[PDB]
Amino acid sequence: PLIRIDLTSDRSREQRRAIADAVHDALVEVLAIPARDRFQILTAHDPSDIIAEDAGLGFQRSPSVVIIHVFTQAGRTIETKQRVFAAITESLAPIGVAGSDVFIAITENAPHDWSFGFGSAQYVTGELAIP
């Protein structure tokens, strides 16, 4: 999967990386993707750049919001996606990301939509097994 993590620049580089490590660990755990199937872009913004409210649920966030956008191939069940959300959020609690400050979106594609390098589509050639 390709994960876009848009967060706040007031978090240290170390915590920033720990967020990335904790997002990956959870995906490996739930999805059971290869350990090295790690593809992440970290973008740190002034808190003014991330506007994230509640959808009228009834809670407020701190300025240190973490948006995690998960780009992954189709096929995962509703319940597996529920486990993703829950596992990401719990991994991020000890590292200083509150449950209220987490927002996750999934966008799907197919296996033939990926090139890991060398101008090759590895799932299509079967060099890389499809999950």
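One-based numbering along the sequence shown.
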Fill in the blank from the handout: Stretch with higher mean Cα temperature factor, 62 to 70 vs 88 to 96, is 88 to 96
Exercise for the section: Return whichever of 113 to 121 and 13 to 21 has the greater mean Cα B factor according to the PDB record. Expected result: 13 to 21
Handout entry: Residue selected from 43, 40, 48, 80 by maximal Cα B factor
Key = 48
Practice task
Please place residue 104 in the lowest, middle or highest third of its chain by C-alpha B factor as given in the entry.
Solution key: lowest
Fill in the blank from the handout: residue 2: CA B-factor among chain residues, third -> lowest
